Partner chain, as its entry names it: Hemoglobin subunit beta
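Next up: a single chain in structure tokens, the form solved without the partner chain.
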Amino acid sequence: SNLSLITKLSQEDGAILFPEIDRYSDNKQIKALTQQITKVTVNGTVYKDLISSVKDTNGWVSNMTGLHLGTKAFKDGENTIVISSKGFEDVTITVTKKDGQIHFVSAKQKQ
């Protein structure tokens, strides 16, 4: 099923940002989900939560601007990001990479 509250990303140096995955969100479900993130994987590679920038890392940070993800595990074509949390079913975000640009495709909680 769709998680159409997550609809966009911003591309940064060696990182991407999902501004809607916000721990201070007005949407109570998104806020709880973001606060309760337990695991992040990109193409099956486990990312670590960083005490920091995420540039060129297998790392993530959730802060005021959203969820920041390093692009170290990204590849050309389809990329799958899986965000697990304590209270919500896994969120799968699909993005495509082409010519060094990363495009948002979809955010879902897959069956």
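Numbering follows the first chain given and starts at 1.
Beyond the structure shown, there is the form deposited with the partner chain bound, which is absent from this document and is the topic of what follows.
Within this chain, residue 24 lines the site of the partner chain in the bound PDB entry, having a heavy atom no more than 4.5 Å away. Under a 4.5 angstroms non-hydrogen atom cutoff, the partner chain in the bound PDB entry lacks residue 75 among its neighbouring residues. Residue contact check for residue 64: one or more of its heavy atoms lie within 4.5 Å of the partner chain in the bound PDB entry. The shortest heavy atom separation between residue 41 and the partner chain in the bound PDB entry exceeds 4.5 Å. Scanning 58, 84, 35, 80 against the partner chain in the bound PDB entry with a 4.5 Å heavy atom cut-off leaves one residue, 35. Interface residues of 36-56, taken as those with a heavy atom within 4.5 Å of the partner chain in the bound PDB entry (partner not displayed): 36, 51, 52, in sequence order.
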